[PDB]
Each structure stands twice: as C-alpha cells, then as structure tokens.
Amino acid sequence: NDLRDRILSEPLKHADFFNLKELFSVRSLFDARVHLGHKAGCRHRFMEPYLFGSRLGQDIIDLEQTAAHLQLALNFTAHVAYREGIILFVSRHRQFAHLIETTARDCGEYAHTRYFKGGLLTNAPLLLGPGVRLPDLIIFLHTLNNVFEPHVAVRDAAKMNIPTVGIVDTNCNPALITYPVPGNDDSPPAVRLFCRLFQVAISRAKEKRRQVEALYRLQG
Amino acid sequence: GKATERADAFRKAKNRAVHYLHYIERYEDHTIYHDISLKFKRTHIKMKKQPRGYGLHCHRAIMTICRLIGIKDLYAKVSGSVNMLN
Amino acid sequence: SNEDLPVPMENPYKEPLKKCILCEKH
Amino acid sequence: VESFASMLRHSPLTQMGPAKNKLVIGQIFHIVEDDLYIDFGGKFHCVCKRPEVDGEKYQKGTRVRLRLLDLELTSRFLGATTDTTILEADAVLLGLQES
Amino acid sequence: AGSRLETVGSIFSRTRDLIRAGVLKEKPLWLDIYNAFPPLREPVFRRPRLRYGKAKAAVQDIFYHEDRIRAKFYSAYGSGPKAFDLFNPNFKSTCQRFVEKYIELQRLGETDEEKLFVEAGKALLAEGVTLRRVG
Amino acid sequence: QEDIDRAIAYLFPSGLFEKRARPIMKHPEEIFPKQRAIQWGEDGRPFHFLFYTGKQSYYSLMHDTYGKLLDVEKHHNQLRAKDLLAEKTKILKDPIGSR
RNA sequence: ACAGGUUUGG
Ligand SMILES: [Mg+2]
Ligand SMILES: [Mg+2]
Ligand SMILES: [Mg+2]
Ligand SMILES: [Zn+2]
C-alpha cells in the first residue's frame, strides 16, 4: 500500500510528464481556424482579455494565450485520465455530435451530445441509479446549447464540485469553467483538432499508466 | 424545507441544509477577522470584532447561527427589515 | 519589439456615406 | 519560433480585407436534396441552391467558386442584448472551379 | 455531503475549506492535480453586468499599413483575377502582390502616391497578370 | 407449455372472467419483466460509453444507425465517383406486408 | 434594543 502512493505522486512532480508540448503549437492552431471568433456585437463581456483584436467586425482570438491555456487543459485531462478518472465529453451542437461520440468511444471515456436532462448531475442517485459514480472531469466541446444559452452541466459541475475543461468562443461565459480554452468551436477542423488532441491525451495517459503498473509489478 | 406536515418539512430542511455548507473564517476561532457592515436586500447587518470577554451580544438568531459556526465572541446589530431569511 | 502588430489607424475601407437624390442641390 | 501576430498579418483572411463581393474557392462537404453546404473556408459554411445547369456535377467534395457577401449573418432586434447569429455565411454560386 | 453554492467561490476553495473544516473525509482525486497545476484564473463566479455610460470595450481594431494600399486596390480594381484560396496557408493574392510591389517602391525613394500606385499597377504586368479597372 | 397450461386449468379450475387472474405457471422470463443489466463494475466505472445520457440503449441504437448512414453515404459517393450502379431499390416491401 | 407581537388566502 505504501508503494501505491508512488504511482499517484510521481506525475505530480513533473510539469510535462506526458510530453504534450509536441502535440500542438501556435502554427498548428492557426491553420485550423481556431483564432477566429464571432462578430463584434456577439462578443461576451468576459471575452475581452482573451481577444487579440477585431478584424473588420469579426473578433480575432489570440493564440498565445490559447496555447497557454490548452497546455494546462491537456495536462489536467491527462493527469485525471492517468489517475483512473471518469471523463465525460459534453457538447450540445448538432453538427459534430457523432464525431464526439466516436472520439469518446475511441478514448474509452463517456459522452453526452444529446438533450441534457434536468437532474442528471444533481439528482444522480435518482436519474442514473441507486449508487452512481459521478464523472471526475467534464470536457465541454460546445459551451452554448442550441438556444445560445450556457449549458446546464456548466453550472451543475460547479454545483457538484466537478472540474470542467471547456472550449469557449467569443460569445461564451468562462466564469464557471475551471480550465477555459479560448478558441473556435464552429469550424469543422477547429473541432476536429481539439477532439484529436484530447484523444491523444487520454490515450497517452492510459498507456503510461499501464507501463507504470508494468514496472510496479517488477518492483516486487 | 416546505411540506404539508411539519415533521416532513423539518426533515426536508435537515437533509437539504448539508448540501449548502459555508466555511466561516474565524480569527483565533472565537471572533471574526474584521468588523463587517453589510447591506442585504433590505436588511442592514453591522457586526464588530470583539475580544475574549464580549460573548455573543447579537440578535437572537445570529447568536444561534454563530453558536453553530463556532464564534464565541461577537456583537451584531440588525437594522432595517428583520426578515429571517434575508 | 514586434513589427507585425496592428497600428491604431483609421479605417481605410470606410465606404462613403450614401447621398439623397437632392444631396448638394437647390 | 513564429508569432501569432506575424502569421495573422500574412494570413489570407487578412489579405482579403472586407468580405463583400470577394471571389473565394469553397469545397462542398454536405449534400441535401436541393441545398449544397459549401465550405469557403473562413469561419462558417454557406448554403446555396443547386442551379439548373450542370446540376448533377455537384457532389460531395466538389470545389466551386463563390462571391462572398457576408462572413457571418448577425443582426440586432428589439430588446436584444447581443446579436442573433445565424451560424451561416452569405454567398452566391457562380461556377465550379473553372480551369 | 458537500457545498452546492456556485456564486460563493470556486470549486477549489469550496473543496479545500470543507476538508479544512473536517466534513469532507475523502480528498477528491482532482484536488492534487489542481494543487500541482492550477489554472491561470480561479474559476470564481462573476455576474455579466451590462456596460452603461461612456464606458466601452477594451479591445482594439486590427489594422496594418498594408490595408491602406489594399483599400486603393479594392477601390480601383476590385477583386483580383485569382480567386481567394483560404485553404492554402501560404496563398498570395493579387492585392498581396500589389502591396509587395508598393512596399519596395516605397523603399526605392519614392514619396508621391500616384508615382507609387500607377508604377506598381504597371509593374504587375511584368509577371503576366490582368487588371480590370472598374469604371 | 400447451400441456402445462392444460394441466393447470384442470388442477386449479378458477372460474374468472379476466384471463390474467387465473393460475398460471410459465418460465420466469415471460412472468417477470426484462430486468436491466448491471451498468458499472466494482470500481464504479460504467460499461457503455453512453451511460450518462439516461437512455444508453436507445442513444446507442441511434448512434449506430447514424454511423451506418454515414458509411452508406461515403460508399455511395465513392461509387458515384467511380461511375458504378450495382444497388437497387429494396425499400418497397408491399407484397411482403412489412411494417 | 440582541429585540418580540400585530396589517394579508399568502
Ligand atoms: Mg462558437
Ligand atoms: Mg418588526
Ligand atoms: Mg393592507
Ligand atoms: Zn441629402
């Protein structure tokens, strides 16, 4: 039991323990239309510090802070996937719902791209089952629903003390999101880039966990 | 907790009060850190930090809330409305 | 230090305002 | 390393300037019985009606020519705090990659 | 059980002070990762108040010196003959070639705008492209 | 079963108008309704990847149907690109009587 | 004032 704490305490002492810096860069985010946001009138008030400027009406999201936030988001999701944490990909957007279900299936994590029920996270012991384990991380691929209002889980996770990583556009509200990533969530390649980044992050985390357990079996 | 029966409302409030728990920073576990003067919807609360000898000279409900928190020394003055929920 | 930073200048693509049928007439 | 402002100053969307009456090559990525979802590439996808001539030549993956009118359709109305975005772009169909 | 208050503080503070008080006997597995790699901004709740009065946004417009020549190009010739290909990252349009000729004709010691404009308009014919002046 | 119900009707001849009130002895799988299988292991992690959607069977059926629709779409696009028509109309099932 | 009772189907 004393050596079990070593497996959980090892990755906490390193910054890039899973080597996620090679996954992306500012040029890898630029060609995916990530730096593009909505118009100037659709700008949320809490998006001003995360913006680079306005290119003839359309707001431009800076990519330096985008990558600086994405590094922390990928590190956190890789660490929670390493510590055997339940990860739920939530997104209410009727264009990439199938892509998100397939990404969560290839990741071995869980997905919610359908109509989020009322008491799902709060009234879980009555909505899901008698005793249910709530997800240890919620990754939001679209913060707003089809009504252009903040999602229900973005508030229910903050109510249930569940960490939330979220891709926020120029019209989103990151006040309650634990790890916001200022980028674009409306272009197909921009969505696919984030889905593949989180895919490779969970894959590398589970693989390094299996390797650490392989050496755990040889340490005794 | 609201229900048709009084014991049912009591239980609905007991089992629902634990889900909303605050943590009150208590200076030396007997008082508050500084004198706070707050203005709620229509209630004015003025609470002052007191030494070890001024034990709970507050409203009859604020004394109970501070006795549940752990504050052993406090002076509070409620002006304006005296609504219990506010 | 950066040279490619945008400069606070006026809008060059400012389309001229539309005129009425009797703009600058008598 | 390359800075984001340096790549954005030389990005083609910066070179285009205003999106009014601009010739853009866009690729179709979805097909509806009468509507064609063309991806001109900027932010959103424009939905155009299949013309009468050479209508069978428009398939998924076909690149066509468009005259961009608006990058994103947003407008304000009575008592609205923000705009009502349509999540679409406005452009007309002219041809299919003449070459 | 826990703290279901969203507007009081952040999830990290609400999970830390609960264990500090001794009501949460089990530490969540994400708390060590939050203590190790905290985000840039603490996820505290902030109400989106509206902006009244003379107060405006803090963002600035994106404009370069090349736009002043791109406006002349789009005012005189309009859209270039080569249609825009937004998929190509290194795509160079006719207006970009025009401003590339303009920035060097500026370095060649010329100040007059006509002597910087019509000479680049004639230099574009050296490569073999066509220009349609919109009357 | 045709001898089980026949022997029950003789040994316990209950005269009642409602057929469901009579004594009946069948296999437990027709008497008891379809019970839901376990959804999570001993560690708490759910089995299906759509468990947090409320309807992990219906949404999985819809996801498989959409995944096969996209496969048919891409295969038919490639077949139209190669100019081959080997499929037929297999939807008209009127003489069979399908619903 | 450490306050409490009292307007009303609420
Ligand atoms: Mg968006
Ligand atoms: Mg009174
Ligand atoms: Mg009255
Ligand atoms: Zn006039």
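Thresholds applied
- Numbering of residues starts from 1 on every chain and follows the order in which that chain's sequence is written, so it may differ from the entry's own numbering; residues lacking coordinates are left out.
- The order in which chains are written sets their letters, starting at A; the order in which ligands are written sets their numbers, starting at 1.
- All values in this description refer to the chains shown, which are themselves only part of a larger assembly.
- For the side-chain quantities, the full set of heavy atoms in the structure was used; hydrogens and water were omitted.
- Residues with missing side-chain atoms are left out of burial classes, side-chain pairs and their counts.
- For the purposes of this entry, the term helix denotes a DSSP run of H or I that reaches at least four residues, the term strand denotes a run of E that reaches at least two, and both are numbered from the N terminus.
- It only takes one pair of heavy atoms within 4.5 Å for two residues to be counted as in contact.
- The protein chains shown are the only cover counted for residues, whose accessible areas, like all others here, come from Shrake-Rupley with a 1.4 Å probe.
- Charged residues are defined here as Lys and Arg on the positive side and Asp and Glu on the negative side; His and the ends of the chain fall outside this count.
- To locate a charge, take atom NZ for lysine, CZ for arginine, CG for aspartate or CD for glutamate.
- Buried area adds together the accessible area that both of two parts lose upon being put together, with accessible area traced by a 1.4 Å probe.
- A side-chain nitrogen of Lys or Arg and a carboxyl oxygen of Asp or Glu constitute a salt bridge if their distance falls within 4 Å.
- Two N or O atoms count as a polar contact when they lie within 3.5 Å, although within protein this holds only if one can serve as hydrogen donor and the other as acceptor, and sequence-adjacent residues are included solely when both atoms are side-chain atoms.
- Strands pair, by our definition, only if DSSP identifies at least two bridges between them.
- In this analysis, axes come from line fits to C-alpha atoms, helices being fitted only over the stretch in contact, and the angle between any two N-to-C directions falls in the range 0 to 180 degrees.
- Keep in mind that water is not among the atoms, so a site may look incomplete; donors are the N, O and S atoms within 2.8 Å of the metal, or 3.2 Å for Na, K and Ca.
- Think of it in three bands: with a 1.4 Å probe and only protein chains considered, a residue is buried below 20% of the maximum accessible area for its type, exposed above 50%, and partly exposed in between.
- Consider each residue's heavy atoms; a residue with any of them within 4 Å of a molecule or strand counts as near.
- Residues are grouped as follows: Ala, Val, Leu, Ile, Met, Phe, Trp, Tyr, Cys and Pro are nonpolar; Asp, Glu, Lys and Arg are charged; all remaining types, including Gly, are polar.

Its PDB header names cryo-EM as the technique used to obtain the model and reports a resolution of 3.0 Å.

Colleague: What is the right way to read the overall build of chain B from this model?
Modeller: Across its full length, chain B holds two helices and three strands. When the helices and strands of chain B are listed from N to C terminus, the series reads α-β-β-α-β. Dimensions of chain B, computed from C-alpha atoms along their principal axes, come out at roughly 45 × 30 × 20 Å. Long-range pairs, those at least 24 residues apart, make up 38% of the contacts in chain B between residues at least 6 apart in sequence. With an accessible surface of roughly 6600 Å², chain B has 54% of that area assigned to carbon and sulfur atoms. Between the averaged position of the 18 positive side-chain charges in chain B and that of its 7 negative side-chain charges there is a distance of 9 Å.

Colleague: Would you explain the interface of chain D and chain E in this entry?
Modeller: By convention, interface size is frequently given as the accessible area that disappears when the constituent parts associate. In this assembly, 22 residues from chain D lie in contact with 18 residues from chain E. Of the roughly 1800 Å² buried at the junction of chain D and chain E (both faces included), carbon and sulfur atoms supply 59%. The three residues of chain D that bury the most area against chain E are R9, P12 and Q15 of chain D, which together make up 35% of that side's buried surface. At the junction of chain D and chain E, the tally comes to two salt bridges. In this structure, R9 of chain D engages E66 of chain E in a salt bridge whose closest nitrogen and oxygen atoms are separated by 2.5 Å. Where chain D meets chain E, there are seven residue pairs in polar contact. Secondary structure elements with two or more residues in the side of chain D that touches chain E: α1 (4-9), α2 (12-16) and β1 (22-31) of chain D.

Colleague: So what exactly am I meant to see when it comes to the sheet that holds strand β2 (residues 43-48) of chain B here?
Modeller: By way of backbone hydrogen bonds, the strands of a sheet pair with one another, either parallel or antiparallel. Residues and elements named next belong to chain B. Taken in spatial order, the three strands line up as β1-β2-β3 in an open sheet, and their pairing is antiparallel. Edge positions in the sheet fall to β1 (36-39) and β3 (75-80), since each of these pairs with one other strand and no more. On average, adjacent strands in this sheet sit at an angle of 10° to one another, irrespective of strand direction. Sheet analysis places β1 next to β2, joined by four bridges and oriented antiparallel. Its bridge partner lying in β2, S37 is registered against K46.

Colleague: Would you mind going over the interface of chain E and chain A with me for this structure?
Modeller: Listed as interface residues are 38 residues of chain E and, on the opposing side, 43 residues of chain A. Summed over the three residues of chain E that lose the most area to chain A, namely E6, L29 and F37 of chain E, the buried surface amounts to 19% of that side. Taken together, the connections running from chain E to chain A amount to four salt bridges. Residue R55 of chain A is joined to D67 of chain E by a salt bridge in which the shortest nitrogen-to-oxygen separation is 3.0 Å. For the pair chain E and chain A, the number of links is 14 residue pairs in polar contact.

Colleague: Would you mind going over the coordination of the magnesium ion (ligand 1) with me for this structure?
Modeller: Each pair of donors in an ideal four-coordinate tetrahedral metal site encloses 109.5 degrees, whereas pairs in an ideal six-coordinate octahedral site enclose 90 or 180 degrees. All names here are of chain A. For the magnesium ion (ligand 1), the full set of protein donor atoms is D169 (OD), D185 (OD) and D186 (OD), at a range of 2.1 to 2.4 Å. When the donors of the magnesium ion (ligand 1) are listed by position in the chain, the intervening gaps give D-x15-D-D. Of the two residues examined, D185 and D186, each falls in the buried class.

Colleague: It is not clear to me how the pairing of strand β7 (residues 164-168) of chain A should be interpreted in this structure. Could you clarify?
Modeller: Successive residues of a regular strand alternate their side chains across the two faces of the sheet. Residues and elements named next belong to chain A. With five of five residues buried, β7 lies mostly within the body of the structure. Here β7 shows no split at all, with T164, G166 and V168 on one side and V165 and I167 on the other all buried. For strand β6 (residues 137-142) and β7, the ladder comprises three bridges, and the chain directions are parallel. If you follow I138 over to β7, its bridge partner there is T164. Across four bridges, β7 lies against strand β8 (residues 179-182) in parallel orientation.

Colleague: Explanation requested: the protein's contact with RNA strand G in the structure shown.
Modeller: All names here are of chain B. Every residue lining RNA strand G is accounted for by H57, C58, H59, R60, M63, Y75, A76, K77, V78 and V82. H59 has a polar side-chain atom sitting 3.0 Å from a sugar or linking oxygen of RNA strand G. Contacts to RNA strand G include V78, whose backbone N or O atom sits 3.1 Å from a phosphate oxygen. Per-element accounting of the surface near RNA strand G gives the leading share, four residues, to β3. Its residues placed into classes, the surface near RNA strand G shows six nonpolar, two polar and two charged.

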